[PDB]
Amino acid sequence: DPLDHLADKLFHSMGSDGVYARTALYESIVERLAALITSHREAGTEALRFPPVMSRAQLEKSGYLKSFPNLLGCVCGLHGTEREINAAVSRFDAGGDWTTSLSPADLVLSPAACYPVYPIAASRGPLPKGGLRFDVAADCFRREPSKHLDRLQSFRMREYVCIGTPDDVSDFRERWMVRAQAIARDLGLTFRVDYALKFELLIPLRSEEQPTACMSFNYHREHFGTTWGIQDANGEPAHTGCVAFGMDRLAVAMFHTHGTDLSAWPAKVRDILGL
Amino acid sequence: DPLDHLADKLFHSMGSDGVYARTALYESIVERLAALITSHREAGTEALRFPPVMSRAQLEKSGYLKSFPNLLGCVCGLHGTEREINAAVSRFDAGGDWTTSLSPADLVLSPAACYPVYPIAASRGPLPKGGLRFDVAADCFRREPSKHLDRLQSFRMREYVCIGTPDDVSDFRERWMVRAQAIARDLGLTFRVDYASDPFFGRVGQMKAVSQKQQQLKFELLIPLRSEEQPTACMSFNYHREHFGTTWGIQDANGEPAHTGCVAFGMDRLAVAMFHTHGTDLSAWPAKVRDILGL
Ligand SMILES: NCC(=O)NS(=O)(=O)OC[C@H]1O[C@@H](n2cnc3c(N)ncnc32)[C@H](O)[C@@H]1O
Ligand SMILES: NCC(=O)NS(=O)(=O)OC[C@H]1O[C@@H](n2cnc3c(N)ncnc32)[C@H](O)[C@@H]1O
Ligand SMILES: [Zn+2]
Ligand SMILES: [Zn+2]
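Basis of the calculations
- Residues numbered from 1 in each chain as written, not as in the entry; some residues may be left out.
- Chains lettered and ligands numbered in written order.
- Heavy atoms only, no water.
- Near = heavy atom within 4 Å.
- Polar contact = N/O pair within 3.5 Å; in protein donor to acceptor, adjacent residues only side chain to side chain.
- Helix = DSSP H or I, 4+ residues; strand = E, 2+ residues; numbered from the N terminus.
- Nonpolar A, V, L, I, M, F, W, Y, C, P; charged D, E, K, R; others polar.
- Expected span 1.5 Å × (residues − 1).
- Buried < 20%, exposed > 50% of the residue type's maximum accessible area, 1.4 Å probe, protein only.
- UniProt positions renumbered as here; feature names shortened; annotations may be inferred.
- Contact = heavy atoms within 4.5 Å.
- Areas by Shrake-Rupley, 256 points an atom, 1.4 Å probe, with all protein chains shown as cover.
- Donors = N, O, S within 2.8 Å, 3.2 Å for Na, K, Ca; no water.
- Tetrahedral: all angles 85-135°; square planar, octahedral: opposite > 155°, others 65-115°.
- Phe/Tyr/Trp six-rings, centres within 6.5 Å; stacked < 30°, edge-to-face > 60°.
- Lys NZ or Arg CZ within 6 Å of the ring centre and 35° of its normal.
- Pairing = 2+ DSSP bridges.
- Axes fitted to C-alpha atoms, helices over the stretch in contact; angles between N-to-C directions.
- Buried area = accessible area lost by both parts, 1.4 Å probe.
- Salt bridge = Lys/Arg side-chain N within 4 Å of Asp/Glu carboxyl O.
- Disulfide = S-S within 2.5 Å.

Peer 1: Sorry if this is basic, but what is going on with the site of ligand 2 here?
Peer 2: All names here are of chain B. Looking at ligand 2, there are 20 residues lining it, with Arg142, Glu144, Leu152, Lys218 and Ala233 nearest. Measuring from an oxygen atom of ligand 2, one finds a side-chain N or O atom of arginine 142 at 2.7 Å. One of the side-chain N or O atoms of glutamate 144 is found 2.9 Å from a nitrogen atom in ligand 2. Elements represented by at least two residues in the shell around ligand 2 include exactly β8 (154-164), β11 (232-241) and β12 (259-266). Top contributing element to the shell around ligand 2 by residue count: β11, with 5 residues. Within the shell around ligand 2, the residues separate by chemical class into 10 nonpolar, 3 polar and 7 charged.

Have a look at this one:
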């Protein structure tokens, strides 16, 4: 695979495909890309940072389990009595399986950064005119094992979320599809925005025929507004959309494009990232 | 609880105890504390950043089940056939339980940031003289639901790890116990460093804890968040002896099983300690504290 040699300077193996330790070089770039996304944050956007886990009931209610049940990472634990837990560990010692004593927790590993934001916005009552804007981030999980550096199991997602009327969401989606292209241009990245309701900014990483989706522009209709009872300023079920940045894909795209030597990156690129 | 008043400015509920959305105010402080820890990084320390998950086999091999089986968060999924997965989803649609079809993955949610570093160091062969030093971080998970702001299920851990001879590790810990106290002092925090023990599970766990405490293998920097009677451990200074060196076959420069130690900073506990101590208005924080954090 073309991306393969990148691993030497960017990652260390953790004994699981798509789960890697990140070097100081790789992390410095993710942080600079994060800071660059932040610099493009619109006024009146509330920044929230989510942990890698979220409510299982919220995710179930959000319709994920129907669309990608195979990708969901659920949190399980040993929730039994001290005797049951000790017996599970003793089975492990005697060459058996301790995992039979696991039971699901009330938590899942988040498959997308924005999911927890919709119940949060709903708890505040009706939306003001113009709606709400959020800046969210989380370490996401998708059970898709691969040896390719642009397909991970654990990866960072950063998003700008619009909650309001279809007009609010439409104007937001239009502004962001323009802005995200200007960002990738500033980064010296080669791309095309194509259809995937869903648009993706695709960057050739292995092939020009099979490019990698490094950003997404999603429209959810009134799906989340209806699910959570989010009322817009006119008392109607709210519409939602989100602009998502694949932090790890963007970082891998940067290294594939410009190489692992930061001193040799273009001056404009180095300038916009504050290098 | 005495910390509850802070929740409004720092967190948003996520529908689960000890799992919170962080506000821009709270996050700006965690980042400044992270940058401050980084400024104290010793020369020749390799910085690695770990994701929130790690190999279940590596954790099993590390002996985590012998110590805290009750705290472990395991990744599960629907690993069955297309028919079994479709049936699971259909049960969920019909008000039933889809979770019966879950089976464990080859991954766990990391309970401590340093765990993945030991197999990484072992893969490099024998240690050089003076050993190896690592700077590690991860979002950790411990199955300990609580409504207290200093007891989370998902929390950030930052550590400096020493791998080498018992001398290398011992010098490193003493050096860091001095430095960590100077850091908390600079932060305007009230503290004490005391002998400690890990909360080992069950009946044997009580014996393992008393034995760990007497051996002085663990110290904690405790900050009163409720009282001096019950302070909060915001940092730990752990000496692992040869546990990880033996497990992973880490050989020191003398061909002996390597000794290991780690200095761990509870990012979320330190941030909560800062807000409890100095309040939620950053402009009113002491000048010396604002200066050291670059505010
Ligand atoms: N809420 C909006 C959303 O979720 N949208 S969407 O596309 O699923 O994912 C958002 C972005 O996350 C990145 N991404 C997705 N899957 C992976 C993966 N397996 N490895 C690395 N990066 C990935 C990718 O860059 C994708 O465009
Ligand atoms: N490797 C070394 C180590 O793991 N060491 S240690 O077990 O002691 O955890 C390290 C630090 O993580 C923080 N910490 C631990 N548990 C929690 C929790 N439930 N909520 C918030 N912060 C916590 C706390 O500040 C503790 O001192
Ligand atoms: Zn989204
Ligand atoms: Zn450690």
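Having seen the structure, we can now continue with the description.
Peer 1: What is the right way to look at helix α10 (residues 267-278) of chain B in this model?
Peer 2: Three or four residues apart is the spacing at which side chains of an α-helix point the same way, because the helix has 3.6 residues per turn. Residue and element names in this part refer to chain B. The terminal C-alpha atoms of α10 lie 16 Å apart, and with 12 residues this matches the ideal 16 Å at 1.5 Å per residue to within 8%. Counting buried residues along α10, 9 of its 12 residues qualify, which places the element largely inside the surrounding structure. At the exit of α10 stands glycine 279, carrying a positive phi of roughly 85 degrees.

Peer 1: Where do I start with the UniProt feature "binding site: an L-alpha-amino acid" in chain B in this structure?
Peer 2: Residue and element names in this part refer to chain B. Following the UniProt record, one finds the feature "binding site: an L-alpha-amino acid" at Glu159. With respect to the helices and strands, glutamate 159 occurs in strand β8. Apart from the residues within four sequence positions on either side, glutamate 159 is in contact with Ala112, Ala113, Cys114, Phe134, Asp135, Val136, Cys262, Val263 and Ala264. Side-chain polar atoms of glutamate 159 contact the backbone nitrogen of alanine 113, separated by 3.2 Å.

Peer 1: Can you walk me through the site of ligand 1 in this structure?
Peer 2: Residue and element names in this part refer to chain A. Taken together, the neighbourhood of ligand 1 is formed by 20 residues, with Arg142, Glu144, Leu152, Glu159 and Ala213 sitting nearest. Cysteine 214 places a polar main-chain atom, nitrogen or oxygen, 3.3 Å from an oxygen atom of ligand 1. When the free accessible area of ligand 1 is taken as 550 Å², the share hidden by the protein chains comes to 92%. Grouping the constituent residues of the shell around ligand 1 by class yields 10 nonpolar, 3 polar and 7 charged.

Peer 1: Would you explain the coordination of the zinc ion (ligand 4) in this entry?
Peer 2: A metal bound by six donors in octahedral fashion has ideal angles of 90 or 180 degrees, whereas one bound by four tetrahedral donors has an ideal angle of 109.5 degrees. Residues and elements named next belong to chain B. For the zinc ion (ligand 4), every protein donor is listed as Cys114 (SG), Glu159 (OE) and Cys262 (SG), and the spread of their distances is 2.0 to 2.4 Å. Geometry at the zinc ion (ligand 4) is tetrahedral, judged from its 4 donor atoms and the angles of 98 to 127 degrees they form at the metal. Mapped onto the sequence, the residues coordinating the zinc ion (ligand 4) show the spacing C-x44-E-x102-C. Placement of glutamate 159 in strand β8 and of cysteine 262 in strand β12 is noted, with a sequence separation of 103 residues between them.

Peer 1: I tried to follow the UniProt feature "binding site: ATP" in chain A on my own but got confused; where do I start?
Peer 2: Residue and element names in this part refer to chain A. Within the UniProt annotation, "binding site: ATP" is assigned to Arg142, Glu144, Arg151, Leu152, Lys198, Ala213, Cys214, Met215, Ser216 and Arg249. For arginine 151, the location among the structural elements is in the loop between β7 (132-141) and β8 (154-164). By relative accessible area, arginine 151 is classed as partly exposed at 38%. Residues contacting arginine 151, with those up to four places away along its chain left out, are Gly18, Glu144, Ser146 and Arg249. Polar side-chain contacts of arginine 151 include one of 2.8 Å to the side chain of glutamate 144. Within the secondary structure, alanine 213 is located in strand β11 (residues 212-221). Residue classification places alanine 213 among the buried positions, given a relative accessible area of 17%.

Peer 1: Can you help me understand the packing of aromatic side chains in this one?
Peer 2: To describe a pair of aromatic rings, you give the distance between the ring centres and the angle between the ring planes. What the rule picks out here adds up to 25 aromatic pairs over all chains. With a centroid separation of 5.9 Å and an interplanar angle of 85 degrees, the aromatic rings of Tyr64(A) and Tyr115(A) are classed as edge-to-face. Taken together, the residues span a long stretch of sequence, with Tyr64(A) in helix α4 (residues 64-67) and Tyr115(A) in the loop between β6 (103-109) and α6 (117-122) at a distance of 51 residues. Plain terms: the ring middles of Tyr160(A) and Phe245(A) are 6.0 Å apart, the flat faces sit at 85 degrees to each other, and that makes the pair edge-to-face. This pair shows no difference in class: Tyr160(A) is buried, exactly as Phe245(A) is. Taken together, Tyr64(B), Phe68(B), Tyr115(B), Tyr118(B), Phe200(B) and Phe244(B) form an aromatic cluster joined through their ring pairs. Taking NZ or CZ as reference, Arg179(A) lies 4.7 Å from the ring centre of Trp176(A), over its face. Above the plane of the ring of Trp176(B) lies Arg179(B), whose end atom (NZ or CZ) is 4.7 Å from the centre.

Peer 1: Looking at this structure, how should I read the sheet that holds β8(B)?
Peer 2: Paired through their backbone hydrogen bonds, the strands of a sheet run either parallel or antiparallel. One open sheet accounts for 9 strands, arranged β1(A)-β2(A)-β3(B)-β7(B)-β8(B)-β12(B)-β11(B)-β10(B)-β9(B); its pairing is mixed. On the outer flanks of this sheet lie β1 (11-13) of chain A together with β9 (192-195) of chain B, each paired with one strand and no other. Each adjacent strand pair in this sheet contributes to an overall mean axis angle of 25 degrees, direction not counted. Helix α2 (residues 24-39) of chain B contacts β8 and β12 of chain B of the sheet and is inclined by roughly 5 degrees relative to β8(B).

Peer 1: Whenever I open this one, the interface of chain A and chain B confuses me. Can you help?
Peer 2: Reports often express the size of an interface as the amount of accessible area lost when the parts come together. Counting from both sides, the interface comprises 59 residues of chain A and, opposite them, 60 residues of chain B. Between chain A and chain B, the buried area comes to about 4800 Å², and carbon and sulfur atoms account for 67% of it. The interface formed by chain A and chain B holds 5 salt bridges in total. As a salt-bridge pair, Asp106(B) and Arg143(A) come within 2.8 Å of each other at their nearest N and O atoms. At the junction of chain A with chain B, the criterion picks out 15 residue pairs in polar contact. At 6 residues, helix α5 (residues 82-93) of chain A tops the list of elements feeding residues into the side of chain A that touches chain B. When grouped by side-chain class, the residues that make up the side of chain A that touches chain B number 31 nonpolar, 15 polar and 13 charged.

Peer 1: Would you mind showing me how to read the coordination of the zinc ion (ligand 3) here?
Peer 2: All names here are of chain A. Here the zinc ion (ligand 3) is held by the protein donor atoms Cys114 (SG), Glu159 (OE) and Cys242 (SG), which lie 2.0 to 2.4 Å from it. Around the zinc ion (ligand 3) sit 4 donor atoms; with metal-centred angles ranging over 97 to 123 degrees, the donor geometry is tetrahedral. For the pair shown, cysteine 114 and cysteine 242 are each scored as buried.

Peer 1: It is not clear to me how the state of the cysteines should be interpreted in this structure. Could you clarify?
Peer 2: Note on terminology: disulfide describes a covalent bond linking the sulfur atoms of two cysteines. Throughout the structure, instances matching the rule amount to 1 disulfide over all chains. Through a disulfide, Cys76(A) is tied to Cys76(B); the S-S separation comes to 2.1 Å. With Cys76(A) in strand β5 (residues 73-77) and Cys76(B) in strand β5 (residues 73-77), this residue pair bridges two chains. Using a relative accessible area of 2% as the deciding quantity, one classes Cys76(A) as buried. Looking at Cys76(B), the relative accessible area reads 3%, which means it is buried. For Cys162(A), which is in no disulfide, the shortest distance to another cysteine sulfur is to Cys242(A) and amounts to 10 Å.

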